[PDB]
Amino acid sequence: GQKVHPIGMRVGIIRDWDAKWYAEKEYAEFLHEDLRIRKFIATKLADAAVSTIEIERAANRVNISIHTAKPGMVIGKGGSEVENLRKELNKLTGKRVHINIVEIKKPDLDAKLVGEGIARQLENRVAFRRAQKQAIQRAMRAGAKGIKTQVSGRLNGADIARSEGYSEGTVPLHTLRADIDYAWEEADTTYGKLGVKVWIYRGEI
RNA sequence: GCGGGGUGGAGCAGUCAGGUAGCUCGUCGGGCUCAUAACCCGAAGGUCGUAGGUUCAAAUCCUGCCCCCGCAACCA
RNA sequence: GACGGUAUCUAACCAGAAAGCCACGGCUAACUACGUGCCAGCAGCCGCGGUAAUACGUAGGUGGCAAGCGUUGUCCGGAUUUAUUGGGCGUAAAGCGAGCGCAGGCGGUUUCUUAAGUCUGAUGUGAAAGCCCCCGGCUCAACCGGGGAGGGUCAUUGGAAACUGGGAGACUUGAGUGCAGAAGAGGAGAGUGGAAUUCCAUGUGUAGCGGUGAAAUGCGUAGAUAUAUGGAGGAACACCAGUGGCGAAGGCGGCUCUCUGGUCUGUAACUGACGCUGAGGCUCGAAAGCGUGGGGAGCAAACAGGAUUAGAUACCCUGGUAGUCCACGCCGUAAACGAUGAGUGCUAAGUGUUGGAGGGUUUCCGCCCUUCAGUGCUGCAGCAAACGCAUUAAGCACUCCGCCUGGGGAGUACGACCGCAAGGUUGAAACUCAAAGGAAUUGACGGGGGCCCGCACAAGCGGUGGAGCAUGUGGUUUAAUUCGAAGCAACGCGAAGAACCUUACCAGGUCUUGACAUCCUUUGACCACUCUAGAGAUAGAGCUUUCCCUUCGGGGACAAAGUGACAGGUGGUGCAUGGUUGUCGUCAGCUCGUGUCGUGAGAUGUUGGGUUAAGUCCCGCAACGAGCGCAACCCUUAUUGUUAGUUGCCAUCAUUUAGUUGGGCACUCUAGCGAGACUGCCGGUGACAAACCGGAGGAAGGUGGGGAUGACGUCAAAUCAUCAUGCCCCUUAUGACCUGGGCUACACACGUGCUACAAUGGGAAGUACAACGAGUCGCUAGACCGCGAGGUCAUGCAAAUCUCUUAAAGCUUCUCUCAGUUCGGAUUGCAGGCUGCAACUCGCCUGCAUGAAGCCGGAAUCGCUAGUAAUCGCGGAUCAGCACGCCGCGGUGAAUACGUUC
RNA sequence: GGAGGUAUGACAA
Ligand SMILES: [K+]
Ligand SMILES: [K+]
Ligand SMILES: [K+]
Ligand SMILES: [K+]
Ligand SMILES: [K+]
Ligand SMILES: [K+]
Ligand SMILES: [K+]
Ligand SMILES: [K+]
Ligand SMILES: [K+]
Ligand SMILES: [K+]
Ligand SMILES: [K+]
Ligand SMILES: [K+]
Ligand SMILES: [K+]
Ligand SMILES: [K+]
Ligand SMILES: [K+]
Ligand SMILES: [K+]
Ligand SMILES: [K+]
Ligand SMILES: [K+]
Ligand SMILES: [K+]
Ligand SMILES: [K+]
Ligand SMILES: [K+]
Ligand SMILES: [K+]
Ligand SMILES: [Mg+2]
Ligand SMILES: [Mg+2]
Ligand SMILES: [Mg+2]
Ligand SMILES: [Mg+2]
Ligand SMILES: [Mg+2]
Ligand SMILES: [Mg+2]
Ligand SMILES: [Mg+2]
Ligand SMILES: [Mg+2]
Ligand SMILES: [Mg+2]
Ligand SMILES: [Mg+2]
Ligand SMILES: [Mg+2]
Ligand SMILES: [Mg+2]
Ligand SMILES: [Mg+2]
Ligand SMILES: [Mg+2]
Ligand SMILES: [Mg+2]
Ligand SMILES: [Mg+2]
Ligand SMILES: [Mg+2]
Ligand SMILES: [Mg+2]
Ligand SMILES: [Mg+2]
Ligand SMILES: [Mg+2]
Ligand SMILES: [Mg+2]
Ligand SMILES: [Mg+2]
Ligand SMILES: [Mg+2]
Ligand SMILES: [Mg+2]
Ligand SMILES: [Mg+2]
């Protein structure tokens with residue numbers, strides 16, 4: 002049967018909102034501005050390993066914390082790339098945008114980054130078992146208490162879609178205290194979308 | 001010409017011996033069933049072939065008429 | 001010298017004239033594109049082809065072979081698939097139903113002899129050519145030549161004597177006889193005994209009896225059933241009785257007698273291999289059946305009637321003929337079964353029991369030991385596909401016999417023999433299939449079993465099904481009635497808001513780089529607005545017409561036009577998909593690692609004894625651990641310490657109409673931090689455990705209540721219409737704009753709801769107590785007008801401050817008086833209120849008027865186990881307006897649970 | 001614990 006979103010289950014229990022601002026009359030406007038900001042960043046830095054976007058609002062200002070495993074690539078030489086990003090975002094939003102980059106130590110423990118890697122490899126027609134196996138190995142080396150991965154769709158162009166998954170360690174989705182990260186990524190192939198799901202259980206809080 | 005029959009869709013009662021239109025199957029609707037059958041609950045369907053008489057009253061009695069069925073319509 | 005100017009040799013010239021066939025899914029070496037779409041077609045078998053075909057056709061490649069390649073035909077092989085080499089017959093095909101036996105096959109020990117078999121030598125022959133071995137010739141090879149070898153169940157002849165056979169003896173172990181014993185439903189014949197049934201006779205006696213799931217038929221007042229005494233006759237032999245006995249098998253059970261077979265144990269007197277098997281034959285052979293003649297109680301095909309059933313030529317009931325019985329004679333078949341031919345020898349044990357024998361005891365009885373022949377059970381070695389067999393082999397061996405060779409057709413057809421007949425014995429083919437089959441494994445299932453749980457049933461309360469209306473659906477209708485959902489798990493569902501928009505549908509009016517994108521574009525404003533026509537989209541005029549920098553060349557930001565790439569599909573496929581969700585179900589399960597077991601699929605763990613809500617825990621266990629689940633961590637609710645004390649609270653005080661004001665936060669309250677509940681403690685039960693029962697304390701006790709949380713998976717479940725997306729289709733149209741209409745239709749069927757049918761009520765008046773939530777052009781106070789819906793002015797509040805908001809049931813009085821009503825409030829007329837550009841299609845609401853069905857609802861069916869059902873309101877999401885739906889809140893507040901058969 | 005006797009359900013997927 003279906004399962005609650007692993008993150009949504011824990012938001013407000015041990016995980017916090019990414020959109021870290023408060024507003025009453027401008028709630029809808031700020032929320033949609035944030036969504037457009039997130040979409041724009043996703044398009045812009047697609048090649049960079051951008052995972053989490055934390056948005057804070059201070060009056061007309063907007064502070065944006067971007068976590069990435071390639072801070073140099075995001076920054077550019079002498080901050081050229083981050084500065085170009087700021088100007089484009091200022092045009093987009095209509096207000097001062099301050100950007101703060103964060104280094105994602107241990108990229109192997111980020112659900113979105115691991116899932117993105119598997120999706121990229123599938124697009125390149127790597128064996129799905131190989132992609133998932135090496136992802137699990139890297140995660141365990143990084144020190145995840147457990148990891149779980151799943152790929153669904155027309156695997157290897159088969160006419161009947163199915164789901165193939167692997168896991169290692171412990172991933173107790175029902176234990177609320179457990180710090181379990183999750184992310185869903187899609188790989189666009191010749192036969193259509195393949196869904197990639199990654200659960201990463203770190204040290205519980 | 002001799003008989004037998006026309007009563008709900010079908011098969012039948014009732015008719016002699018006037019008072020009250022039924023039985024079996026069927027049809028329609030709803031149930032039961034995963035579904036169908038069976039089963040269960042409701043409902044419809046004829047003014048008794050037809051026209052006249054008799055009667056207080058006719059599916060029932062009388063007369064005619066029309067349909068349907070079997071038989072006969074000629075023998076040395 | 002026919003061949004013949006032939007072979008051959010020499011010299012000149014030229015890569016120039018000289019490579020196809022089949023195959024490429026697996027078997028099988030060889031792979032991709034199109035086209036195709038269960039069509040065309042391929043194919044030796046498996047099998048390919050249903051819109052993404054390495055299997056079809058073409059193409060490009062690749063593999064095999066090559067002047068050949070492939071197809072068909074036929075033979076051998078593979079085929080151990082006729083097994084001499086070299087198979088089998090318990091359950092896969094296969095042991096005749098059993099025995100008696102002629103011929104035949106085979107045969108115990110040993111002395112001598114013989115030399116038929118057997119072994120061996122010599123000789124003769126087994127032509128030549130051809131295979132094979134050496135050696136040669138053609139340029140090689142093919143081919144040719146020379147010399148050898150081989151090839152016989154060969155003939156003659158010489159040897160050997162182990163084995164088989166013959167001949168002459170000997171032997172006693174096998175076989176049989178004698179002698180002494182043992183048991184027995186062995187057979188045949190003639191008698192005979194008791195219980196019971198039925199019938200007959202006679203008493204008593206009265207209204208039933210009998211029978212089924214329930215009934216009926218039937219018997220009975222012409223006296224039944226019952227009951228008592230008798231009589232008749234038939235069949236079978238209770239207790240004993242026992243994997244007990246006996247028989248070759250079929251089979252044989254009261255008792256007695258007569259006739260009669262076999263078996264077993266001793267003994268070692270006798271014979272001295274006389275034995276085993278045994279085609280064909282012969283004999284015997286359950287039950288049913290057949291002929292002749294008897295007999296006939298009970299039972300009982302057929303048959304009759306009563307039931308059951310949709311039907312019931314059956315199961316059930318009441319009767320009942322043949323038959324069952326006897327004699328004689330046929331028949332000759334059975335799952336005639338241990339589904340296992342007979343004989344013989346050999347290969348651990350343990351333990352019953354039948355019939356014996358010997359011994360050591362024991363006074364006897366009896367106990368112990370040994371031993372033979374049966375008969376069971378358990379179990380090594382060994383065997384087996386496995387199940388299993390295992391001194392009573394399916395083990396190890398030898399002899400003889402019967403029998404099997406894929407399934408069906410078929411034990412059929414024809415023929416023959418036998419039979420009175422029924423039929424039996426013998427026994428094919430055409431044709432057709434790629435399976436049939438045995439054992440075991442995992443699931444699923446069972447009108448199998450055991451143990452359990454859930455508002456599953458039971459116990460209860462209230463409903464739906466009946467009526468009106470709201471609402472969804474089917475059906476029908478329509479220009480359209482947009483699309484999706486179809487048992488549980490579709491149908492107050494997507495839709496948390498269809499007059500317009502929404503809107504995807506229809507009619508009509510319209511447009512074509514397009515309503516919306518990115519890229520090139522240019523002599524830059526775009527818009528916006530006024531007027532005109534239009535239903536509007538739109539068009540036709542006027543109207544105004546751009547920002548940002550740099551050094552000034554321009555550029556960048558933005559329109560807008562031109563232009564082509566392109567856009568755009570709520571077009572299709574949820575049987576190509578991602579994502580999301582339903583569902584079993586919050587049920588306790590689902591699995592993995594290592595190890596071990598099994599030939600193997602698999603198994604174990606996860607099972608078992610307890611225990612739990614739980615695969616929860618404990619214990620035991622070839623299992624030891626682990627993971628996803630379970631539980632916990634989380635939210636809310638139930639008590640409370642403390643920090644805080646306004647916008648909240650008011651006890652202490654004084655004042656106000658007012659918690660008002662002052663004053664204080666004490667209380668409540670609010671919300672952070674904590675405390676608290678852990679079977680923690682006590683008693684009893686329990687395997688010293690888990691745990692279970694009870695107790696104390698406490699606000700709360702065993703998960704306190706509730707929520708969130710939904711394992712691996714299941715239904716090609718749902719969604720291409722949230723979104724995204726492979727492939728397919730449309731592209732001046734399936735795309736886009738506008739007006740109107742539709743989605744709201746209405747002979748009918750269903751689901752879900754609301755309102756009722758009244759007195760536990762209707763109406764009137766008075767009076768009291770909540771909670772969750774919402775609020776800026778929004779909640780709206782207060783006042784005034786209005787019968788009312790509402791309207792006017794106007795106030796506070798971005799809110800624990802103000803408002804929505806004095807909640808309704810409730811309680812107290814009055815009235816109605818059982819009435820289709822003073823119930824009911826549908827439909828309808830008129831008149832209004834709002835919201836909105838607009839209320840006809842088609843909104844909600846108000847007043848007056850009208851006053852529908854409805855008198856508690858068939859078959860059937862639903863929810864709920866406590867602050868629950870029932871009932872009463874209040875808020876909110878969507879939202880200009882519009883809910884009987886949904887989400888949430890509080891008020892009042894029960895009945896019942898014996899119990900798990902269904 | 002074991003052993004001999006006493007109503008229906010096209011076809012493919
Ligand atoms: K092939
Ligand atoms: K053989
Ligand atoms: K036999
Ligand atoms: K000889
Ligand atoms: K005897
Ligand atoms: K007879
Ligand atoms: K037998
Ligand atoms: K014995
Ligand atoms: K055949
Ligand atoms: K009702
Ligand atoms: K209803
Ligand atoms: K689906
Ligand atoms: K799906
Ligand atoms: K294992
Ligand atoms: K507190
Ligand atoms: K779509
Ligand atoms: K699509
Ligand atoms: K329906
Ligand atoms: K309703
Ligand atoms: K009253
Ligand atoms: K309207
Ligand atoms: K509203
Ligand atoms: Mg190959
Ligand atoms: Mg081909
Ligand atoms: Mg052969
Ligand atoms: Mg068999
Ligand atoms: Mg057999
Ligand atoms: Mg007989
Ligand atoms: Mg009978
Ligand atoms: Mg036979
Ligand atoms: Mg024995
Ligand atoms: Mg009940
Ligand atoms: Mg109703
Ligand atoms: Mg509902
Ligand atoms: Mg519309
Ligand atoms: Mg329109
Ligand atoms: Mg299990
Ligand atoms: Mg567990
Ligand atoms: Mg265990
Ligand atoms: Mg849990
Ligand atoms: Mg489907
Ligand atoms: Mg569908
Ligand atoms: Mg589409
Ligand atoms: Mg509708
Ligand atoms: Mg009444
Ligand atoms: Mg319950
Ligand atoms: Mg309530």
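Sequential numbering of the first sequence, starting at 2, is according to this note's numbering.
Yeah, the Cβ is synthetic: ideal placement off N, Cα and C, and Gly gets one too.
Inset, instruction - Could you tell me whether the region 69-77 touches the region 97-106, where touching means 3 or more Cβ pairs closer than 8 Å? - result: Yes: the two stretches touch, three or more of their Cβ pairs being nearer than 8 Å.
Inset, instruction - Kindly list the residues whose CB is nearer than 6 Å to the CB of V115, restricted to its own chain and excluding five residues on each side of it in sequence; keep chain order. - result: Closer than 6 Å at Cβ, skipping near neighbours: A136 and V199.
Inset, instruction - To the nearest angstrom, report how far apart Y202 and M141 are at their CA atoms. - result: Roughly 10 Å separates the two Cα atoms.
Inset, instruction - Tell me, please, which residues DSSP counts as bridged to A145. - result: As computed with DSSP, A145 is found in no beta bridge at all.
Legend entry - Per DSSP, cross-strand counterpart(s) of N101: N101 is bridged to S66.
Legend entry - Under the three-state DSSP convention, the category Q138 falls into: Looking at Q138 - three-state DSSP - the assignment turns out to be helix.
Legend entry - C-beta atoms of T94 and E34 nearer than 8 Å: Cβ atoms of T94 and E34: closer than 8 Å.
Inset, instruction - Check whether the region 175-193 touches the region 150-167, taking contact to mean three or more Cβ pairs, one atom from each stretch, closer than 8 Å. - result: The region 175-193 is in contact with the region 150-167.
Inset, instruction - Take every Cβ of the region 41-56, pair it with every Cβ of the region 18-32, and state whether three or more of those distances are shorter than 8 Å. - result: Touching, yes.
Inset, instruction - Determine the contact status of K96 and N61, defining contact as a CB-CB distance below 8 Å. - result: Against a cut-off of 8 Å, the Cβ pair of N61 and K96 comes out as a contact.
Inset, instruction - Flag this pair as yes or no: are the beta carbons of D180 and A143 separated by less than 8 Å? - result: Judged by beta-carbon spacing, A143 lies beyond the 8 Å limit of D180, meaning their Cβ atoms are not closer than that value.
Inset, instruction - Quick one: grab the DSSP three-state call for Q122. - result: The answer is helix: DSSP assigns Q122 an H, G or I state.
Legend entry - Buried versus exposed call for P173 [16 or more other C-beta atoms within 10 Å across all chains shown]: Here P173 is exposed. Its C-beta has fewer than 16 other C-beta atoms within 10 Å.
Inset, instruction - Report the residue from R178, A50, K149 and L123 whose alpha carbon sits nearest the alpha carbon of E205. - result: Ranking the options by Cα distance to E205, first place goes to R178.
Inset, instruction - Return the first residue and the last residue of the alpha helix (DSSP H) that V197 is part of. - result: Careful: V197 lies outside any alpha helix (DSSP H), inside the beta strand (DSSP E) at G193 to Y202.
Legend entry - N- and C-terminal bounds of the beta strand (DSSP E) containing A59: For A59, the uninterrupted beta strand (DSSP E) segment begins and ends at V51 to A59.
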